[PDB]
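Novice: just the first chains of my complex for now:
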Amino acid sequence: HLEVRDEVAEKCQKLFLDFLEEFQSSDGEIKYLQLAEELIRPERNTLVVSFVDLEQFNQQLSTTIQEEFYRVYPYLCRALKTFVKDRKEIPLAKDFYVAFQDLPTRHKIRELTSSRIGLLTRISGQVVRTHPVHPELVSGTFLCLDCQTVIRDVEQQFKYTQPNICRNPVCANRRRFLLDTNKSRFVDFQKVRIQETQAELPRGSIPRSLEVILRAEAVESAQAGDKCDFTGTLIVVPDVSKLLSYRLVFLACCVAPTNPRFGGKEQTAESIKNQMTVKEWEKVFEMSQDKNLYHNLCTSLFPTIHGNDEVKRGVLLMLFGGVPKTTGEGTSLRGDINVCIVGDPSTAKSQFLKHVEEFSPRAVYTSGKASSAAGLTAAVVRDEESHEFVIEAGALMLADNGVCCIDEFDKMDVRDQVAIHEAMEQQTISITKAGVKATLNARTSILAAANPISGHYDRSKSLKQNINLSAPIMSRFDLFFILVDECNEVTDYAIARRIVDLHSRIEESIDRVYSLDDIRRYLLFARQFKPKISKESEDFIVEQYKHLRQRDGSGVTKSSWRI
């Protein structure tokens, strides 16, 4: 009559409760008794147990978790409600959640077969959408109706599930119960959609996608445009309209960035100067003290491009960024600089853009002929499920605070170069559509490459006649690098030598100092200062603005895109 001991679950609950107390760090001082300390102040309810340490302390256990992770999850959470009663200030009906991390072996969204349901996996991908956060009923307390009793602790499974039996021999309604909602147990619930990462795409294929379901204090870790790394279990989900048809869903428990630039834990100079490991900080200092730095970042960022020494400099100064200011009235000065390149055929334009977009993190790459207006900036999509018009983020938004690389900028249509100017001016994106009214921020820096009208750049006209951009756009860039293929012969030896060298010594002949991983660190560090202007420098600046206008002065010469 009485229930059955799910032995494989309770034995695991017991051993996990033991592990939580016995395991200690390098200096005694049991570690899951101090991380579990902050677990009492409100809004914290997830303990993050590393999985490699559960491998040290035990191994007959890891093979039970990693193979029954759905059977034994409802117990690895009760065995955390007992271990934390030693604080006495937790509300007695509060519930906690275990969140693993640092699994050994990874997987791919295409290896998620149906032989993986109920196990413990680990997945990496991008993030496309993020729905809003909701409550979700985990265990309802049905207030009985005729008995005025309380049927209690009834578990829902993807539906309302209406338990229909009462422990009272006189329960006039085995089909009617009004549940309360001030004692029942709710948990947050966000549902996002992830898309196969770039480095896994089999050639000639469109990327797949799946639904992940964040269900805890982890509920707004992943945002759109990020490259998080989820670790949970694959589950099946029915179609509740007819409760069949099943569909796969990932049920994540922990989520963390895929490659931390600072491996400590994940916003000013000190917060970051804390995570700097000893070698990291003794190297960043060495660079910051280096002289001729401004020539060893160019030579180390673009190692396979002979010449154009005046373009690499501009690209660097674009990567570092200026100081973004907000006027007291409520307006805002643009902080980051935009850069456009214009040149003859085959002059290494798309190579600067490919370099920048593969080096930088959170920088997007798009062509111009294969884009749209509502695809760059922001869209509006009818979710018939919610039957509402919601906002979709565009390339100018999921590259925020990064760099948007637009190739072939002058192939875009007439109406698609308008939406981009409306964003490049005010740094924002307005939306006024079916039932949506919003204003979104966009603090991207644009790196664009274009082609002169009729192939070659004609050096007897102004710019406005050599390119077919609009008039307003050409004003919002303020750095142009016209490249020309001067029909010379001393270069045509140098470029030849460099290309054949690169192709003969494929991975060598590249002798850059300051390896690429290191420059990311230096650039994440040095991008948190706000330099000021001394009075002498202000005088110098106004004098230079004086000496620039008059060069365009009448009589002697002439120039293009007047100052």
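Specialist: Perfect, thanks for sending it. Numbering: from 1, shown residues only, chains lettered A, B, ... in the order given.
Novice: can you pull the contacts of the spatially closest residue to residue A:333 that is not a sequence neighbour?
Specialist: Distance criterion Cβ to Cβ, 6 or more residues apart in numbering; nearest residue to residue A:333, sequence neighbours excluded, is residue A:325 at 4.4 Å. From N, CA and C alone the C-beta is placed, and that goes for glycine too. Applying Cβ atoms under 8 Å, 6 or more residues apart in numbering to residue A:325 gives the contacts A:332, A:333, A:335.
Novice: do residue A:222 as well
Specialist: Residue A:222 touches A:127, A:130, A:192, A:194, A:212, A:214, A:228, A:230, A:255, counting by Cβ under 8 Å, 6+ apart.
Novice: turn those into CSV, including distance to residue A:461, secondary structure and neighbour count.
Specialist: Putting the contacts of residue A:222 into CSV (distance: Cβ to Cβ, whole Å; DSSP: H, G, I helix; E, B strand; the rest coil; neighbours: other Cβ atoms under 10 Å) gives the following:
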residue, distance to residue A:461, secondary structure, neighbour count
A:127, 46, coil, 20
A:130, 49, strand, 18
A:192, 51, strand, 24
A:194, 50, strand, 25
A:212, 55, strand, 22
A:214, 57, strand, 25
A:228, 50, strand, 22
A:230, 55, strand, 26
A:255, 55, strand, 23
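Novice: out of those residues, who's nearest residue A:261?
Specialist: residue A:228 (14.3 Å; Cβ to Cβ).
Novice: verify the stated contact: that closest one with residue A:255.
Specialist: Yes. If you go by Cβ atoms under 8 Å, residue A:228 and residue A:255 touch, sitting 5.0 Å apart.
Novice: name the nearest residue to residue A:170, sequence neighbours excluded.
Specialist: residue A:147 (7.0 Å).
Novice: just to check, that neighbour is in contact with residue A:169?
Specialist: No. Counting by Cβ under 8 Å, residue A:147 sits too far from residue A:169 to count as a contact (9.6 Å).
Novice: the more surrounded of these two?
Specialist: Per other Cβ atoms under 10 Å, whichever of residue A:147 and residue A:169 has more neighbours is residue A:147, with 17 against 6.
Novice: and chain B, same structure:
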Amino acid sequence: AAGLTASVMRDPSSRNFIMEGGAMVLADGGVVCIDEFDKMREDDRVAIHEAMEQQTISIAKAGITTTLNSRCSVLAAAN
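Specialist: Let me add chain B to what's already shown:
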């Protein structure tokens, strides 16, 4: 606005062409005043020429073959 004579415009709802009788079809026996006789749309000026010629407007286009009697008086001012 719509014009002086009739037009054939692609209706958003119907996605097809519909007929817009302008002013000279609404003025029944009345009088129509015009200024700047070189500003009016080329097509519109052609059609007003024919309307003062015949005293009716008959458009034969995409899905429209109708006639509208124009009975009004033109008081034009040139430049």
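Novice: run a quick neighbour tally on residue 42.
Specialist: Using chain A here. 8 (other Cβ atoms under 10 Å in any protein chain shown).
Novice: nope, chain B please
Specialist: Residue B:42 has 7 neighbouring residues, counting by other Cβ under 10 Å.
Novice: for residue 56, which non-adjacent residue is closest in space?
Specialist: Since no chain was named, I'll use chain A. In space, and not counting its chain neighbours, residue A:56 is closest to residue A:23: 7.7 Å by Cβ to Cβ, 6 or more residues apart in numbering or on different chains.
Novice: sorry, should have said chain B
Specialist: Nearest one to residue B:56, counting by Cβ to Cβ, 6+ apart, is residue B:69 at 4.9 Å.
Novice: can you give me the helices in the stretch 451-563 of chain A?
Specialist: With DSSP state H, counting those that start in this stretch as the criterion, the stretch 451-563 of chain A has helices at A:491-504, A:516-525, A:535-549.
Novice: can I get these in a markdown table with distance to residue A:39 and mean neighbour count?
Specialist: Output for the helices of the stretch 451-563 of chain A, formatted as a markdown table (distance: least, Cβ to Cβ, whole Å; neighbours: other Cβ atoms under 10 Å in any protein chain shown):
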| stretch | distance to residue A:39 | mean neighbour count |
| --- | --- | --- |
| helix A:491-504 | 55 | 12 |
| helix A:516-525 | 31 | 16 |
| helix A:535-549 | 52 | 10 |
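Novice: with distance to residue A:309 added, can I get the ones you listed in CSV?
Specialist: Formatted as CSV, these follow (distance: least, Cβ to Cβ, whole Å):
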stretch, distance to residue A:309
helix A:491-504, 13
helix A:516-525, 19
helix A:535-549, 22
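Novice: run a quick neighbour tally on residue 2.
Specialist: No chain in the question, so chain A it is. 4.
Novice: I was after chain B.
Specialist: 11.
Novice: partners of the closest residue to it other than its chain neighbours in the sheet?
Specialist: In this structure, residue B:2 finds its nearest non-sequential neighbour in residue B:20, 4.7 Å apart by Cβ to Cβ, 6+ apart. Taking DSSP bridges as the rule, residue B:20 bridges to residue B:7.
Novice: further, place chain C onto the existing structure:
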Amino acid sequence: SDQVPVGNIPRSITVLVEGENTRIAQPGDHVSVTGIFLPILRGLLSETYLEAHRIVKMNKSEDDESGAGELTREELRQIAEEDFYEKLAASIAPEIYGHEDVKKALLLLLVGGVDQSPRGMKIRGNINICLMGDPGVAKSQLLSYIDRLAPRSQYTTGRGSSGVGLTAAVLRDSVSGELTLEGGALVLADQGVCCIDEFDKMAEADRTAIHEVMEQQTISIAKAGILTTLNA
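Specialist: With chain C now in place:
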């Protein structure tokens, strides 16, 4: 659309072919059907369908006599004569005086050469013919005649037909949002003859859509719903 009041909309009917009459009729085809006329099961108004008992193709304006199409020895008499080739030539559109030689070529167009395939290199076995000439020489009469003397034929005018309406067009269904293919003139006239008069007045971007059908005799579509090659 001929036997409709001057500007009225044609009405349709539904035919439930089943059993053995299936696969007889092709879409876009003249046909004659014989069957009961019943209402549909499941207030008092009713929707009706025709329940076909017999389907006969009437393309030739009379019937399909492919079974009785065998010739007689009394006709082999003619076909064996010395100048059988020259009788037919004179018996093509006899209402038209002269043009003794043009009618000799419009017959070769109806008979057609042979088509090879050596080492996998197709060679077409059809013949194409143009009739450049002054006004009023009865060209649109010759073409109207060669239209009726062909089992599968089509008639098209250069100034009243667009380049996607000759080859094949991709069109959407506002009921399903799904793009489907729809054959043009050259597809519906697969094993037959197509006739295009007013050929110098066809728009220049709507005329290069024939260079494909005149040599390789396929139509290769790669629009945004479909990617295929129809046989024309």
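Novice: what do you get for the neighbour count of residue A:42 once chain C is counted?
Specialist: Using other Cβ under 10 Å, residue A:42 is surrounded by 8 other residues.
Novice: in PDB, list the C-alpha atoms belonging to the strand or helix carrying residue A:56.
Specialist: Applying DSSP states H and E as the criterion places residue A:56 in helix A:53-57. Output of helix A:53-57 as PDB, limited to C-alpha atoms (Å, rounded to 0.1, in the frame of the first residue of the first chain):
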ATOM      1  CA  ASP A  53      35.300  18.400  -7.700                       C
ATOM      2  CA  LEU A  54      32.400  15.900  -7.400                       C
ATOM      3  CA  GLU A  55      34.800  13.800  -9.500                       C
ATOM      4  CA  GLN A  56      37.600  14.100  -7.000                       C
ATOM      5  CA  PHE A  57      35.500  13.400  -3.900                       C
END
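Novice: that one: how far from the chain's middle?
Specialist: Distance of helix A:53-57 from the chain centroid (Cα atoms, centre = their mean, to the nearest Å) equals 31 Å.
Novice: so which elements touch the following helix or strand past that helix?
Specialist: Using DSSP H and E, the helix or strand that follows helix A:53-57 towards the C-terminus is helix A:62-68. The elements that helix A:62-68 packs onto, with contact taken as 3 or more Cβ pairs under 8 Å, 6 or more residues apart in numbering or on different chains; DSSP states H and E, are helix A:7-22, helix A:53-57.
Novice: those into JSON lines, with extra columns for distance to residue C:106 and mean neighbour count?
Specialist: As requested, those are arranged in JSON lines below (distance: least, Cβ to Cβ, whole Å; neighbours: other Cβ under 10 Å):
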{"stretch": "helix A:7-22", "distance to residue C:106": "89", "mean neighbour count": "16"}
{"stretch": "helix A:53-57", "distance to residue C:106": "89", "mean neighbour count": "15"}
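Novice: which strands and helices lie in contact with the helix holding residue A:56?
Specialist: helix A:7-22, helix A:62-68.
Novice: and the ones you listed as CSV, adding distance to residue A:418?
Specialist: Listed next are those as CSV, based on distance: least, Cβ to Cβ, whole Å:
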stretch, distance to residue A:418
helix A:7-22, 60
helix A:62-68, 54
